[PDB]
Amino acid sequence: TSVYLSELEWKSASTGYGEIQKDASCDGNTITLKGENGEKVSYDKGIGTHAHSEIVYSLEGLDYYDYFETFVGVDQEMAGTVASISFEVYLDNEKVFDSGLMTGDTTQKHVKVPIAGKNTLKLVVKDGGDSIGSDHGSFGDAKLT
């Protein structure tokens, strides 16, 4: 029914600080994002990364799936910091999602884009236009469905 991105191997990957963490935040904690009702939300699966980050996945041999789905936001390990980022999703060189500026307490966003007839998925986490300081971006429950 679904395959998580952390169960797949990227073609290429980069991160601005530390290393990309599969099923964990940048600092190796459970991925947490700010909920819509004041809560801290935990995600068992996903990708923890840091601005500036770019990750590219091939969708070859994955024709079973209709959508790419993920939550995005500043990882809540960095709550109450200078954290400021944006998330961009690309499918075949076309931008299909842009989060805009997200800071420490910005409510998580919920991505769902159709992947039929698509070959390449690209994830971008940018630095909010100031610096990469505190810029822990997490992709919560990142999967193909």
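Counting begins at 1, following the sequence as shown.
Trainee: Mean CA B-factor: is it higher for 60 to 68 or for 94 to 102?
Mentor: Per the deposited B-factors, the answer is 60 to 68.
Trainee: Select between 81 to 89 and 33 to 41 the stretch whose C-alpha atoms have the higher average B-factor in the entry.
Mentor: Looking at the recorded C-alpha B-factors, 33 to 41 comes out higher on average.
Trainee: For the listed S53, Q76, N119, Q108, which has the peak Cα B-factor recorded in the PDB entry?
Mentor: Answer, based on the entry's C-alpha B-factors: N119.
Trainee: Check where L123 lands among this chain's C-alpha B-factors and tell me if it's the lowest, middle or highest third.
Mentor: It belongs to the middle third of the chain when residues are ordered by C-alpha B-factor.
Trainee: Per the entry's values, where does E19 land by CA temperature factor relative to the rest of its chain, in the lowest, middle or highest third?
Mentor: Within its chain, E19 is a highest-third residue by C-alpha B-factor, going by the deposited values.
Trainee: By the record's CA B-factor, is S12 among the lowest, middle or highest third of residues in the chain?
Mentor: It belongs to the highest third of the chain when residues are ordered by C-alpha B-factor.
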